[PDB]
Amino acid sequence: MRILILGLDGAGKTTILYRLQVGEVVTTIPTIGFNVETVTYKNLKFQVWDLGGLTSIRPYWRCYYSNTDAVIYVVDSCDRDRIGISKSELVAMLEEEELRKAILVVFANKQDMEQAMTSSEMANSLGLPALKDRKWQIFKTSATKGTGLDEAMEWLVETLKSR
């Protein structure tokens, strides 16, 4: 199974990847390229690609779409100004024929902060209730504390197991 972790720079992608791999917070630098690790959940192996989200390299995301079973889309819940950007990147990517059948899980990350938007605002801003022909769910996560990850991953795995 092949998973892409996408989202704007600073959203917490790389921090999520190593939290999923080794249950700990790791120090990161901006990812100018990608990280790839295989992760083991409920006796099952996923190849997870963490793609850098900086402005200049976002356009290259589509190069990696072939044979993608799921996208983990990570969104900084405190970043109200750029949720519009995340939504336009999400609309653009879900028009791609290669992701026709991909499962979409949205991680509303940095929910440990008081400044966090709620799961509900975010779904509306991202246009998620309007999405058709798509299996999707949104989850509240903090990559630093660890909350919400085990439960989002339970959902992704079971959804993938069912086609």
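The first residue of the shown sequence is 1; numbering continues from there.
Per the entry, higher mean C-alpha B factor between 154-162 and 1-9: The entry gives the higher C-alpha B-factor average to 154-162.
Entry-level comparison of average CA B-factors, 30-38 and 43-51, reporting the higher stretch: The entry gives the higher C-alpha B-factor average to 43-51.
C63, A102, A130, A108, ranked by C-alpha B-factor: the highest one: Comparing C-alpha B-factors across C63, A102, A130, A108, the top value belongs to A130.
Among modelled residues of the same chain, the CA temperature factor third for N67: Ranked within chain, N67 CA B lands in the middle tercile.
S119 by Cα B-factor - lowest, middle or highest third of the modelled chain: Tercile = highest for this residue's CA B-factor.
Modelled-residue ranking by C-alpha temperature factor, third containing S142: As the PDB entry reports it, the C-alpha B-factor of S142 lands in the middle third of its chain.
Cα B factor band for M113 (lowest, middle or highest third within the chain): Its C-alpha B-factor belongs to the highest third of this chain's values.
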